[PDB]
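Asker: Chains as they are written, first to last, in the entry's author numbering: chain A, 68 to 364; chain B, 68 to 364; chain C, 68 to 364; chain D, 68 to 364. Heads up, the beta-carbon is just placed ideally off N, CA and C, and yes, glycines get one too.
Protein chains: 4
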Amino acid sequence: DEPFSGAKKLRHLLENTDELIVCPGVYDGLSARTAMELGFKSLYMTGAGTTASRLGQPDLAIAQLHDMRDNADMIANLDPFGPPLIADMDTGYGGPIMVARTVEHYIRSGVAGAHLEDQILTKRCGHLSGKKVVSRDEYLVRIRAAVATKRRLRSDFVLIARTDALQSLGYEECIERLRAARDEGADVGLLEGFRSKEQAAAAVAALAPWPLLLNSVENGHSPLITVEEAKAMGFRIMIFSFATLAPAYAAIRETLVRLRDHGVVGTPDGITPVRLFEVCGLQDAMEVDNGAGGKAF
Amino acid sequence: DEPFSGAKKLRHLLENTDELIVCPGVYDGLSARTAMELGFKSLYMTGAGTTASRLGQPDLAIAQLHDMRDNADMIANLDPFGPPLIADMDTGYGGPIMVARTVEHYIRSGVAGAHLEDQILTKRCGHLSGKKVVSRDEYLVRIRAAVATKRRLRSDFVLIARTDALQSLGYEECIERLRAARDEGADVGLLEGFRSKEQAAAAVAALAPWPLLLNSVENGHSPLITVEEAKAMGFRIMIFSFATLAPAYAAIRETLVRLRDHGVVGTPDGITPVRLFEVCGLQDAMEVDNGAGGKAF
Amino acid sequence: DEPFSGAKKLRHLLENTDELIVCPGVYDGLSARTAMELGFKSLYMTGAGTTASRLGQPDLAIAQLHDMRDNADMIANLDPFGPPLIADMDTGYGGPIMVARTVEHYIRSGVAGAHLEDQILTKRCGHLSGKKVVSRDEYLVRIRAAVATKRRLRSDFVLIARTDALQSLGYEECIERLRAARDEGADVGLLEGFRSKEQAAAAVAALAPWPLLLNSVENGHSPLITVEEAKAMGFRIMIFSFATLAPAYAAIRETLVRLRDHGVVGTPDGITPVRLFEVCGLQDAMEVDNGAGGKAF
Amino acid sequence: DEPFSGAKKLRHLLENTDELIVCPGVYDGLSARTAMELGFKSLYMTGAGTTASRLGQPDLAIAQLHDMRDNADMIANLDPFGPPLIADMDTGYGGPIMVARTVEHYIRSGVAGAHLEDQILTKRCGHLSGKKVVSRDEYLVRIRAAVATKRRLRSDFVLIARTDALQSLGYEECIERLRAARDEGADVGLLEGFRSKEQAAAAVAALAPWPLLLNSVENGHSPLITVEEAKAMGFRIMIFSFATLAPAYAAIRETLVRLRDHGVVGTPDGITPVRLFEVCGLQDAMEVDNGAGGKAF
Ligand SMILES: O=C(O)C(O)(O)C(F)(F)C(=O)O
Ligand SMILES: O=C(O)C(O)(O)C(F)(F)C(=O)O
Ligand SMILES: O=C(O)C(O)(O)C(F)(F)C(=O)O
Ligand SMILES: O=C(O)C(O)(O)C(F)(F)C(=O)O
Ligand SMILES: [Ca+2]
Ligand SMILES: [Ca+2]
Ligand SMILES: [Ca+2]
Ligand SMILES: [Ca+2]
Ligand SMILES: [Mn+2]
Ligand SMILES: [Mn+2]
Ligand SMILES: [Mn+2]
Ligand SMILES: [Mn+2]
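#1: Under 8 Å: do the stretch 238 to 252 of chain B and the stretch 206 to 215 of chain B share three or more Cβ pairs, one atom per stretch?
#2: Quick one: using the 10 Å Cβ neighbour count with 16 as the cut-off for buried, is D/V89 buried or exposed?
#3: Just to check, is the beta-carbon of C/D126 closer than 7 Å to a non-hydrogen atom of ligand 3?
#4: With A/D328 as the anchor, note down where its alpha helix (DSSP H) starts and where it stops.
#5: Does the Cβ of B/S263 have 16 or more other Cβ atoms within 10 Å, making it buried, or fewer, making it exposed?
#6: Mind checking B/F148: buried by the 16 CB within 10 Å criterion, or exposed?
#7: Report the neighbours of B/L132 on chain C: residues whose CB is nearer than 7 Å to its CB, in chain order.
#8: Find the residues of chain B that neighbour residue 24 of chain C, judging by a C-beta separation of less than 7 Å, and give them in chain order.
#9: Who does B/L110 pair with in a DSSP beta bridge?
#10: Give a single yes or no on whether C/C192 has its beta carbon closer than 7 Å to a heavy atom of ligand 3.
#11: Quick one, which residues of the stretch 307 to 335 of chain A are near chain B if we go by CB-CB under 7 Å, in chain order?
#12: Quick one: grab the DSSP three-state call for C/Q186.
#13: With distance defined between alpha-carbon atoms, name the residue in A/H133, A/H288, A/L236 and A/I338 nearest to A/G193.
#14: Less than 8 Å between the C-beta atoms of D/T117 and D/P125, yes or no?
#15: Taking the continuous beta strand (DSSP E) assigned at D/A213, which residues delimit it?
#16: Consider the Cβ of C/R211: report whether some Cβ of chain B lies at a distance smaller than 8 Å.
#17: With 16 as the cutoff for other CB atoms within 10 Å, does A/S235 come out buried or exposed?
#18: For C/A272, count neighbouring Cβ atoms within 10 angstroms of its own Cβ and tell me buried if that reaches 16, exposed if not.
#19: Specify the secondary structure class of D/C90 as computed by DSSP and reduced to three states.
#20: By Cβ distance, which residues of its chain are closer than 7 Å to B/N282, with the 5 residues on each side in sequence left out?
#21: Identify which residue in A/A99, A/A267 and A/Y238 has its Cα closest to the Cα of A/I292.
#22: A/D155: beta carbon under 7 Å from a heavy atom of ligand 9?
#23: Under 8 Å between C-beta atoms, does C/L183 make it to chain B?
#24: List the residues of chain C whose Cβ lies closer than 7 Å to the Cβ of A/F71, in chain order.
#25: Exposed or buried, A/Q131, counting other C-beta atoms within 10 Å across all chains shown (16 or more means buried)?
#26: In chain order, what residues of the same chain lie with their CB nearer than 8 Å to the CB of D/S222, ignoring the 5 residues before and after it?
#27: According to DSSP, is B/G180 part of a helix, a strand, or is it coil?
#28: From the beta carbon of B/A139, is the nearest beta carbon of chain C less than 8 Å away?
#29: When Cβ atoms are compared, which residues of the stretch 193 to 211 of chain C fall closer than 8 Å to chain A?
#30: Say yes only if the C-beta of A/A232 is nearer than 7 Å to one or more non-hydrogen atoms of ligand 12, and no if none qualify.
#31: Who are the near neighbours of B/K108 in its chain, counting only those whose CB is closer than 6 Å to its CB and skipping five residues on each side?
#32: Would you say A/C347 reaches chain B, if we count a Cβ-Cβ gap shorter than 8 Å as a contact?
#33: Check the Cβ-Cβ distances between D/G361 and every residue of chain B, and say whether any is below 8 Å.
#34: How would you write the range of the beta strand (DSSP E) that D/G73 sits in, first residue to last?
#35: Give the interface partners of B/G358 over in chain D, defined as CB-CB distance under 7 Å, in chain order.
#36: Report the CB separation of D/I242 from D/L280 in whole angstroms; it is logged as a contact under 8 Å.
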């Protein structure tokens with residue numbers, strides 16, 4: 068009920084319901100505000116989207132802690148009483164010291180949970196080839212550092228252990244890494260980049276009743292699994308990493324082509340500056356001014 | 068020809084051609100990369116879009132120098148050899164000291180030019196009502212501070228004097244403010260929020276041969292003027308403030324509604340993660356690694 | 068007892084003790100770590116010091132919300148279980164919308180309290196002449212915006228109402244502003260820049276039992292009041308704005324003069340890199356690595 | 068002669084004089100302003116000091132590109148016409164992509180040069196034990212990425228190749244790494260943490276006429292070499308990493324102890340707020356206001 072309680076809210080959804088928690092992947096203020104406008108119960112901050120939008124760069128370990136925390140801090144708190152934010156935390160941005168710092172900063176920024184992976188520090192989008200992972204022991208050092216931090220901070224922060232090991236090491240290796248991560252205290256597992264739907268269902272069964280998160284990558288190299296299919300498979304969380312970045316690009320490109328070729332933008336006329344401001348908290352802002360005895364609005 | 072020479076490039080377009088310089092309004096890395104992909108010769112960074120995307124807030128003087136400079140620094144330099152960036156600089160974010168600091172920071176960040184307005188410091192989007200401006204003398208203090216700075220720094224920075232005075236003080240007041248600003252050293256004038264096309268053409272004639280910039284606000288409260296109409300009116304620059312923010316919102320919202328109702332994202336399948344990375348400089352990054360003797364890619 | 072509970076801790080000191088809360092003014096990680104090392108029960112983040120250190124500029128409204136919040140966020144959380152931080156929040160960095168945003172951001176960053184003043188937005192260090200203030204009504208708009216925010220956020224945040232009105236409007240005006248601010252919900256009053264010790268004691272009596280905070284400015288233009296004198300006067304908080312910035316400058320300058328003239332630094336040999344790291348949390352960091360199963364340290 | 072030409076200035080000092088370029092190590096705005104006040108011809112930004120001051124943490128790979136670039140950008144440009152800044156760039160903050168990004172960002176921020184080391188990414192202050200380095204080939208990948216970037220950007224940026232290999236691999240290994248780095252295009256070599264003065268002189272002779280930089284670490288684990296000794300050894304640059312951080316700590320601590328025990332700060336009375344503002348550019352700021360037609364000052 069309290070402000071900044073996203074971790075508690077997400078934890079309650081996980082531990083106190085059997086619902087499949089659907090998290091659209093957002094990457095900036097506009098995408099996040101739109102997901103909130105539509106009543107999603109939880110949001111996901113994509114690292115790839117954060118890098119594309121905040122830095123104009125590809126998902127190649129270019130965004131680091133500062134950029135990622137800044138974006139997550141902004142998104143998670145647009146509404147102090149709003150939906151929990153699960154944020155990508157990549158590899159933790161360094162060794163255990165940085166992993167711990169990252170978890171600490173996300174927690175203090177009101178982030179509800181985060182996924183932490185076993186990629187080498189010079190990482191890459193999980194759907195790109197040539198993707199290498201660290202040893203099981205080195206991965207567990209990351210998991211332990213993160214878990215110790217959330218415990219030290221007496222936080223309900225939901226730590227998701229992600230493994231990118233499928234591409235290079237295979238299925239069994241992923242399952243063992245996730246089991247190990249579970250024992251070290253991770254709350255949810257994420258096997259990245261399933262190659263088949265049968266494999267997705269099998270991973271859920273292999274780790275049950277420990278909850279799994281399914282990462283849907285729009286137009287990527289994994290099977291198209293629907294929300295209803297995921298729920299039936301037994302997933303507890305499903306994130307849609309490119310749910311907003313992709314259509315934003317498609318629309319921006321087609322609009323700018325129209326502008327280039329025809330000299331007009333041609334955006335549907337209901338999308339006015341004021342509507343965009345309304346989506347982005349205009350009413351709240353005007354109420355602050357009015358409530359304070361201001362007469363600006 | 069040199070890297071980071073956006074100010075020189077824009078200046079050349081202005082002083083050495085009669086072309087109408089078309090600048091799509093961008094607000095983040097993805098929108099800017101898309102405009103660059105399509106070959107626009109100049110870009111515009113919207114303050115409203117920057118605030119919506121970087122902060123998730125309405126255009127109510129919430130973004131300040133740090134946010135605005137950070138966004139402009141990122142956008143202007145995605146390609147050190149790319150198109151010039153004209154960036155909103157709002158009111159300068161304070162008194163003359165801040166105006167000067169702002170111009171100094173934009174210049175050092177490779178920004179090609181910026182528009183500086185006469186709104187009170189607690190400003191608002193120029194298409195919102197209740198919009199008040201400072202006195203002519205106080206506005207000119209801002210213009211002088213900015214001009215002195217670009218001169219002190221021996222820069223070709225293009226300073227655009229914007230007046231928001233039409234709403235509250237009328238046309239003649241705008242023209243006089245722009246003439247005054249011209250004499251203090253502003254390079255281009257921007258009469259914000261024309262009420263009619265006839266009025267737009269008249270302002271151009273009133274100030275000729277001093278160049279004007281037309282601010283097209285998609286779905287806003289000013290006449291829809293096309294690129295060809297603007298060119299015929301004699302404008303030298305035309306910016307499209309909401310050209311990317313608006314369609315991005317429309318697309319994100321419709322996609323997320325589909326996700327909510329139907330459990331699938333449904334973005335056209337050609338918009339893959341790799342294509343988005345390509346738009347955002349994947350090839351460049353891989354060449355850096357390969358050229359350095361790395362074998363990551 | 069909980070991490071990030073600085074507001075609760077400061078509130079308890081204020082409401083549940085009669086102690087004079089002594090807050091050394093810190094401005095960066097080193098100054099803050101040193102105050103913590105020495106066991107101070109509360110810290111103060113100086114805006115002037117933050118501007119000098121983070122920006123290399125004078126206290127002339129050059130630092131804005133981003134810089135100030137970033138510094139306060141860093142300092143308040145060096146130890147999640149450490150002493151409360153009272154942070155300068157200047158004028159709130161804009162109109163009521165910005166005042167509210169500022170208070171919201173400080174609260175979420177674990178800041179325990181902050182002082183909010185009645186200077187015009189283009190403000191200046193309170194010990195500089197030519198210092199103008201806004202009307203009583205405009206000041207109260209700021210106070211109301213801040214109080215509404217801390218209440219909305221269900222926070223124990225300690226809001227200190229500062230008045231800079233003495234210089235231009237006199238004593239009685241200050242007292243009335245502070246009384247008004249108290250009624251609007253400010254927790255503590257700060258009459259800036261007393262001209263005499265008798266005047267300091269008189270202000271405390273005028274507002275009792277509402278607590279006052281005394282701002283000691285080292286080498287400034289107000290009387291030198293000692294901790295014991297302040298306690299006897301009835302002050303409840305005393306901050307030492309320049310307690311670390313000033314001696315740091317003196318020492319840096321004398322060392323660099325020695326280096327320039329004599330080619331050696333000559334710092335006392337007990338001040339080793341490792342000791343500085345120890346002050347700045349080396350042990351904590353090594354324990355994180357060791358505890359995670361790392362063998363780096 | 069131009070603003071933001073630190074790289075050109077440093078290059079000229081190096082290539083066009085035989086002077087030993089003395090760079091006091093600065094870490095914030097106050098330390099940098101003080102070095103400038105005293106007329107030093109070049110400054111050095113310490114990574115350890117940046118981490119202690121901006122983040123309150125030890126030099127354990129906690130500061131990353133954003134923090135380091137932000138600090139260097141601030142320091143290098145306090146005076147657009149002032150002394151060149153050499154900035155620590157640690158390992159480059161990732162693989163070749165990040166190394167290149169770092170060099171690109173430093174260049175665009177007006178930084179004159181930077182030192183890039185062969186430590187593993189989870190690095191540590193060079194005077195701490197347990198310090199491991201990457202292979203020669205992996206180090207050269209960093210050097211190549213950095214050199215290619217400065218060339219691509221047509222910059223005079225001075226790239227200093229630092230090797231931390233002495234501790235673990237010995238002298239000959241250091242010399243070979245530096246020779247290799249020279250061939251890949253590094254401008255200056257830095258053999259970190261000499262164990263003896265004889266060894267310092269020998270390294271200079273081994274690499275002559277390729278210039279070396281001597282890193283003096285105040286109160287550290289390397290011999291105390293004076294400016295005159297360094298010049299006689301043939302070093303071309305000498306940086307004093309802890310020249311300001313160390314005495315600042317000593318002074319802050321002794322002042323705060325006095326405050327704690329005796330209730331007074333006791334800083335020499337000539338160190339007034341106004342003097343600190345003067346050091347930090349007060350006059351400049353007032354001239355901006357006055358020159359713009361403002362009457363604030
Ligand atoms: O969005 C993300 O950053 C992500 O990690 O989920 C991903 F899509 F890039 C991925 O790597 O699968
Ligand atoms: O995009 C902008 O921030 C702008 O200034 O051009 C505007 F559209 F918001 C405006 O105020 O007209
Ligand atoms: O430290 C501060 O910023 C301060 O506000 O307390 C002051 F000292 F600058 C002041 O204005 O008195
Ligand atoms: O100041 C620095 O960060 C440094 O790199 O020069 C050092 F002193 F920490 C070092 O590692 O020698
Ligand atoms: Ca339209
Ligand atoms: Ca699709
Ligand atoms: Ca010494
Ligand atoms: Ca004194
Ligand atoms: Mn990711
Ligand atoms: Mn704007
Ligand atoms: Mn202050
Ligand atoms: Mn270093």
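Answerer: Considering the structure as presented:
#1: yes
#2: Against the fourth sequence, residue 89 of chain D aligns to sequence position 22. The C-beta of D/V89 has 16 or more other C-beta atoms within 10 Å across all chains shown, which makes the residue buried.
#3: Sequence index remark: in the third sequence, residue 126 of chain C carries index 59 (1-based). For ligand 3, at least one heavy atom lies less than 7 Å from the Cβ of C/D126.
#4: The residue you call residue 328 of chain A lines up with position 261 of the first sequence. Counting along the chain, the alpha helix (DSSP H) containing A/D328 begins and ends at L312 to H329.
#5: Mapped onto the second sequence, residue 263 of chain B falls at position 196. Exposed, by the Cβ-count rule.
#6: For the purposes of this step, residue 148 of chain B is taken as the residue at position 81 of the second sequence. By the neighbour-count rule (16 or more Cβ atoms within 10 Å), B/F148 is not buried but exposed.
#7: Start at 1 with the first residue of the second sequence, and residue 132 of chain B comes out as number 65. By Cβ distance, chain C contributes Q131.
#8: What the structure shows of chain C is the stretch from 68 to 364, and residue 24 of chain C is not part of that stretch, so it cannot be assessed.
#9: Stepping through the second sequence from its first residue, residue 110 of chain B is reached at position 43. DSSP, once it has assigned bridges, lists B/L152 as partnering B/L110.
#10: Counting from one through the third sequence, the residue named residue 192 of chain C turns up at place 125. For C/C192, the shortest C-beta to heavy atom distance toward ligand 3 is below 7 Å.
#11: If the cut-off is 7 Å between Cβ atoms, the stretch 307 to 335 of chain A has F307, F309, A310, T311, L312, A313, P314, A315, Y316, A317, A318, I319, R320, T322, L323, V324, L326, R327, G330, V331, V332, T334 and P335 near chain B.
#12: By 1-based counting over the third sequence, the position of residue 186 of chain C is 119. Strand at C/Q186.
#13: The residue you call residue 193 of chain A lines up with position 126 of the first sequence. Considering only alpha carbons, the answer is A/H288.
#14: Within the fourth sequence, residue 117 of chain D is the residue found at index 50, counting from 1. Within the fourth sequence, residue 125 of chain D is the residue found at index 58, counting from 1. No, the pair does not count as a contact, with Cβ atoms beyond the cut-off.
#15: Position 146 of the fourth sequence holds residue 213 of chain D. Residue range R203 to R219 is occupied by the alpha helix (DSSP H) that includes D/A213, with no beta strand (DSSP E) assigned at that position.
#16: Translated into the one-based positions of the third sequence, residue 211 of chain C becomes position 144. Chain B, which has no Cβ nearer than 8 Å to the Cβ of C/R211, makes this no.
#17: For the purposes of this step, residue 235 of chain A is taken as the residue at position 168 of the first sequence. Label assigned to A/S235: exposed.
#18: Position 205 of the third sequence, counted from the start, is the residue given in the question as residue 272 of chain C. So C/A272 ends up on the exposed side.
#19: Locating residue 90 of chain D in the fourth sequence gives position 23, where the first residue counts as 1. Looking at D/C90 - three-state DSSP - the assignment turns out to be strand.
#20: The residue you call residue 282 of chain B lines up with position 215 of the second sequence. Around B/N282: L257, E259, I306 and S308.
#21: Residue mapping note: residue 292 of chain A aligns to position 225 of the first sequence, counting from 1. Ranking A/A99, A/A267 and A/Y238 by Cα distance to A/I292 puts A/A267 first.
#22: The count along the first sequence starts at 1 and reaches residue 155 of chain A at position 88. Ligand 9 has a heavy atom closer than 7 Å to the beta-carbon of A/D155.
#23: Here residue 183 of chain C refers to the residue found at position 116 of the third sequence. Cβ-Cβ to chain B under 8 Å: no for C/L183.
#24: Reading the first sequence from its first residue, position 4 is the one you call residue 71 of chain A. By Cβ distance, chain C contributes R175.
#25: Position 64 of the first sequence holds residue 131 of chain A. So A/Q131 ends up on the buried side.
#26: For the purposes of this step, residue 222 of chain D is taken as the residue at position 155 of the fourth sequence. So the qualifying residues of the chain are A74 and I174.
#27: Here residue 180 of chain B is taken as the residue at index 113 of the second sequence, counted from 1. DSSP places B/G180 in strand when its eight states are reduced to three.
#28: Taking the first residue of the second sequence as 1, we reach residue 139 of chain B at position 72. Output row for B/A139: interface = no.
#29: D204, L207, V208, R209 and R211
#30: Start at 1 with the first residue of the first sequence, and residue 232 of chain A comes out as number 165. Because no heavy atom of ligand 12 lies under 7 Å away, the Cβ of A/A232 does not count as near it: no.
#31: Position 41 of the second sequence, counting from 1, holds the residue named residue 108 of chain B. Here the set comprises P150.
#32: Translated into the one-based positions of the first sequence, residue 347 of chain A becomes position 280. At least one chain B Cβ lies under 8 Å of A/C347.
#33: Start at 1 with the first residue of the fourth sequence, and residue 361 of chain D comes out as number 294. With 8 Å as the cut-off, D/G361 counts as an interface residue toward chain B.
#34: Against the fourth sequence, residue 73 of chain D aligns to sequence position 6. Note, D/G73: premise wrong, no beta strand (DSSP E); alpha helix (DSSP H) at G73 to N83.
#35: Stepping through the second sequence from its first residue, residue 358 of chain B is reached at position 291. Correct list: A215.
#36: In the fourth sequence, residue 242 of chain D corresponds to position 175, counting from 1. In the fourth sequence, residue 280 of chain D corresponds to position 213, counting from 1. Contact between D/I242 and D/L280 is absent: CB atoms are separated by about 15 Å, not below the 8 Å threshold.
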